Amino acid sequence: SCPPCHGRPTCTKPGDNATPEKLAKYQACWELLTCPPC
């Protein structure tokens with residue numbers, strides 16, 4: 001469930017400029033901070 005860090009989206013934006021599922025990316029990405037990348 002950890003994202004590959006060889007060319008990943010940074011998705012650091014909190015979804016302020018986002019409203020639809022477009023923010024779901026960032027939301028999920030933010031939760032992925034629980035898993036440490038390379």
# chains A, B, ... in the order shown; residues from 1 in each chain; ligands from 1

$ residues_around --residues "residue 4 in chain A" --least-positions-apart "2" --cutoff "12 Å" --atoms "only C-alpha atoms" --output "list in words"
residues 1, 2, 6, 7, 8, 9, 10, 29, 32, 35, 36, 37 and 38 of chain A

$ select_by_dssp --residues "chain A" --states "helix (DSSP H, G or I)" --output "VMD selection string"
chain A and resid 21 to 34

$ atom_distance --atom1 "CA of residue 34 in chain A" --atom2 "CA of residue 15 in chain A"
18.5 Å

$ atom_distance --atom1 "CA of residue 5 in chain A" --atom2 "CA of residue 31 in chain A"
15.3 Å

$ atom_distance --atom1 "CA of residue 33 in chain A" --atom2 "CA of residue 20 in chain A"
21.7 Å

$ decode --residues "chain A" --atoms "C-alpha atoms" --output "short mmCIF file (atom, residue, chain, number, x, y, z; two decimals), in the first residue's frame"
data_model
loop_
_atom_site.label_atom_id
_atom_site.label_comp_id
_atom_site.auth_asym_id
_atom_site.auth_seq_id
_atom_site.Cartn_x
_atom_site.Cartn_y
_atom_site.Cartn_z
CA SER A 1 0.00 0.00 0.00
CA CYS A 2 3.08 2.23 -0.22
CA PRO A 3 3.61 4.35 -3.37
CA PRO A 4 6.79 3.80 -5.44
CA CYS A 5 9.25 6.67 -5.05
CA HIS A 6 11.05 6.39 -8.38
CA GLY A 7 8.89 8.99 -10.06
CA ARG A 8 5.85 9.56 -7.91
CA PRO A 9 3.34 12.40 -7.62
CA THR A 10 4.28 14.68 -4.74
CA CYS A 11 0.63 15.48 -4.09
CA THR A 12 1.42 17.88 -1.27
CA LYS A 13 -1.49 20.18 -2.06
CA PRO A 14 -4.33 19.85 0.51
CA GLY A 15 -7.07 20.00 -2.11
CA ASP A 16 -7.84 23.69 -1.72
CA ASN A 17 -7.84 24.23 -5.48
CA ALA A 18 -9.65 20.92 -5.74
CA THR A 19 -13.22 19.90 -4.97
CA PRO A 20 -14.22 16.68 -6.87
CA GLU A 21 -12.45 13.31 -6.55
CA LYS A 22 -9.54 15.35 -7.95
CA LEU A 23 -8.68 16.07 -4.30
CA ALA A 24 -9.08 12.41 -3.34
CA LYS A 25 -5.64 11.95 -4.87
CA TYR A 26 -4.10 14.43 -2.46
CA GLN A 27 -6.18 13.21 0.46
CA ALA A 28 -5.02 9.64 -0.06
CA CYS A 29 -1.49 10.83 -0.80
CA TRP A 30 -1.39 12.76 2.48
CA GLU A 31 -2.44 9.63 4.33
CA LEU A 32 0.39 7.76 2.61
CA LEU A 33 2.83 9.86 4.67
CA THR A 34 2.36 7.14 7.26
CA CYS A 35 4.61 4.99 5.06
CA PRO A 36 8.19 6.28 4.67
CA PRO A 37 9.51 6.57 1.09
CA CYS A 38 13.08 6.09 -0.13
#
